[PDB]
């Protein structure tokens, strides 16, 4: 009967090991109190974040560690009841593993409208890879490789129709299936360019 709050992370929900992040819950203007939770990996109960650590629905993490990663949700209290939990915020830590290599075939320079193959490679196998694109006009879109039986050290993605106007800068990350919110250092940025 009371609208569920939202939950966000500042500056981002993808944060390098040791760096700070703040999670913010915001409910109705008449919220009297907030609670924050994180979902347990392989336990049916969830973790209450200690109330001494949530001030005005804010939970500040001075240096993120692997133990902070996972799904968070929050509620607030108003009109004698607690709200349902927010939509989950997934907090991710990067930099736990050496970065993979990212390359384009046939070329990082691609005619407008053409498609291209990107390859993410690693010296040691990962459970899976993700290829993320960020541009001036859109949110991060990550393609996911299909996880394989005993992990893999190479993944192949197809990207584009590339267009001139957009910016097509990609990075790729490796992760292990049993802790999927702990990622490698990102690969070097690979920018696809269109001659025109």
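Numbering follows the first chain given and starts at 1.
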query: Given 115 to 123 and 95 to 103, the range whose Cα B-factors average higher in the PDB entry; finding: 115 to 123
query: 73 to 81 versus 106 to 114 - which carries the larger mean C-alpha B factor in the record; finding: 106 to 114
query: From 46, 53, 131, 155, residue of greatest CA B-factor; finding: 53
query: Out of 68, 148, 171, 35, highest CA B-factor residue; finding: 148
query: CA B-factor ranking of residue 189, expressed as a third of its chain; finding: middle
query: Chain third (lowest, middle, highest) by recorded CA B-factor, residue given as residue 140; finding: highest
query: Chain-wide C-alpha B factor ranking for residue 27, given as lowest, middle or highest third; finding: lowest
query: Residue 179 CA temperature factor, ranked by third within the chain; finding: middle
